[PDB]
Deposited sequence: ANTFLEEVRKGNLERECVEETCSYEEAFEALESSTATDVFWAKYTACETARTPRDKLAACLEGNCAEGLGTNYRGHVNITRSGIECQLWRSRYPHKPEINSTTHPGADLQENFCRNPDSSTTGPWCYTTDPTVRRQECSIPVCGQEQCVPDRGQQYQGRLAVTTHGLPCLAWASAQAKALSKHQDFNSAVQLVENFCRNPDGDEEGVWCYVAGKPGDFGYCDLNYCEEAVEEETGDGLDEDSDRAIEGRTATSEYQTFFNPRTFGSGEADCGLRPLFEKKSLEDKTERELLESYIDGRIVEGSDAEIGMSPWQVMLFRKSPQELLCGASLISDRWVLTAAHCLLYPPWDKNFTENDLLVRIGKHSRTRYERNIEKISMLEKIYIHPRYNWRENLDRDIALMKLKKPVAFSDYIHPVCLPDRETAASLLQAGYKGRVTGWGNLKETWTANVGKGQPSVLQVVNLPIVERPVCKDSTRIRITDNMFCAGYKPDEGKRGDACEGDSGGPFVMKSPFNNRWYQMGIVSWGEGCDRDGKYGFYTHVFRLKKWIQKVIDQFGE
């Protein structure tokens, strides 16, 4: 009979709520939403945007194609929000408003206060689907065992059926493999404990991370500039970085010295000839940029490998610099799997492989990427960063009706804003994966915030080992809109194990 099915239906629907079983409790009594909330049994009468829900048993204004006799499971009663068809938008309802057939409702999420520690390293739940709702493959399955033992894992981490787990110490969190090419994978959506890297505290010498084979060469020798560090010469404003605690005048953006930012990349549209975004160069072979530069639906954008070209070692915005710049095509583009623009530019990061490794010159050298430890260390001892670019951010996101785009790579140094100060400043929700930067607007402490290139680099130089580290990727920031506000930058310290898996889908 169905009554025994109903009991189990509830159970299977609440499968992802575990550690507190005062959370599994709160799930099963349907008053809040787990996952796509097919567990929801609450009494929210009202859609997310104000409207009264229609009665499930009504046919005015809308004649439902989902009724209690097609979905006898779902408790399609009165006019309460339910999710009878498993909408990836969660529990919904028909609208009493003749112009809107359906709208999602706004239902409290189950377990909200509960919080997962240590990036899912001790996760033992049964979550078996990534963030895009792509089902996990079993770890057991042929490829993941008898062929992927070379990349070994931590075995305090029990790999069980096809549940999201974090075996390889991934700073992004738990993950699992998915249907497609060999090695394909995704991140799963657990609710991680917010951990502000700036207030971490407790590196010795430099020690390398990926192989000179698949990540390519350059890692061993990153962050040192041919024309500066290697000639032991100092650049015109790096002193502000090392003396970042000193209350200085405010050195405005000026033209960069040649070779000053040799990891600077330009993402460039084939046709029409057009400067699209910025990016940085992290090996002979890989390029780091922001995901909105390739995929951003509100702007009806969706580039592929064949539409674009990078330009490396440029100094002049416009002139073709023939002795100097190498200008490469793309083999593959990797949007970060966690990337999401629907709420607000989360994990707005993208990796790009070059069809052919580029040769380091006086003007082409890779920047270093830091890990958690180092990133934290750097933020503890350094209070300003550097953003270099061709003012593409200002030219992309505002009318720029002012003076025009600069004609040479620009350098500027910007203060790093304290997390809470940055939180209050914006309507948008700054996760621990973002940081703000820019001067705190006084009239003797002015504001020109919207600096750099979209998806370009924000860097810091290490006072421990003299190398330059890339600490965030420029994204859109409120500072492009309102004179008082800050630049927004996507942290990079969590990326090593993701890059790792991306490079592992190769072999040669």
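Quiz prompt | Gaps in the model, given as deposited-sequence positions counted from residue 1 | solution = No C-alpha for residues 1-33, 236-251.
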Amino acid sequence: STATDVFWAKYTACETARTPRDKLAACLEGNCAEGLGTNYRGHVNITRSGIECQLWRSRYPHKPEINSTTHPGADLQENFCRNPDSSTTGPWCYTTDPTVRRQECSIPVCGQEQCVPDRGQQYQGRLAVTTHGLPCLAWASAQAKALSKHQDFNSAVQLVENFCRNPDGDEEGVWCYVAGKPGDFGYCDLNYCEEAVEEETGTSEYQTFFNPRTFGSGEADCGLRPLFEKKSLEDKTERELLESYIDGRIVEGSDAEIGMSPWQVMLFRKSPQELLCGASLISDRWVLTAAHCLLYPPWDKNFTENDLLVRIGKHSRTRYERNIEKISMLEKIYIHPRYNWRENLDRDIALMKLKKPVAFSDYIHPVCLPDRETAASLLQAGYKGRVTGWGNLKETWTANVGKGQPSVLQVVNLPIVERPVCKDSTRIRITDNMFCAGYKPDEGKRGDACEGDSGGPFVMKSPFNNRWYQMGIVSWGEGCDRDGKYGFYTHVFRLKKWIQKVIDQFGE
From here on, numbers count along this sequence of modelled residues.
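Quiz item: Which is higher on average in the deposited entry, the C-alpha temperature factors of 282-290 or of 423-431?
Solution: Looking at the record's C-alpha B-factors, the answer is 423-431.
Exercise. May I ask you to compare 148-156 and 227-235 by their mean CA B factor in the entry and name the higher one?
Key: Stretch with the higher mean C-alpha B-factor: 148-156.
Quiz item: Looking at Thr201, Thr96, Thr388, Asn302, which has the biggest Cα B factor in the entry?
Solution: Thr201 has the highest C-alpha B-factor of those listed.
Exercise. Using the temperature factors in the entry, find which of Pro262, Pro298, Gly173, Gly111 has the highest value at its Cα atom.
Key: When the deposited C-alpha B-factors of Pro262, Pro298, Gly173, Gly111 are compared, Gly111 is largest.
Quiz item: Comparing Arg119 with the other modelled residues of its chain, is its CA B-factor in the lowest, middle or highest third?
Solution: For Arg119, the deposited C-alpha B-factor lands in the middle third.
Quiz item: If you rank every modelled residue in this chain by C-alpha B factor, which third holds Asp346: lowest, middle or highest?
Solution: Tercile = lowest for this residue's CA B-factor.
Quiz item: Lowest, middle or highest third of the chain for the C-alpha temperature factor of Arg338?
Solution: Its C-alpha B-factor belongs to the lowest third of this chain's values.
Quiz item: Sorting the chain's CA B-factors, does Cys368 end up in the lowest, middle or highest third?
Solution: Lowest third of the chain for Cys368's C-alpha B-factor.
Quiz item: When the modelled residues of the chain are sorted by Cα temperature factor, does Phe210 land in the lowest, middle or highest third?
Solution: For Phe210, whose C-alpha B-factor we compare with every modelled residue in the chain, the answer is the highest third.
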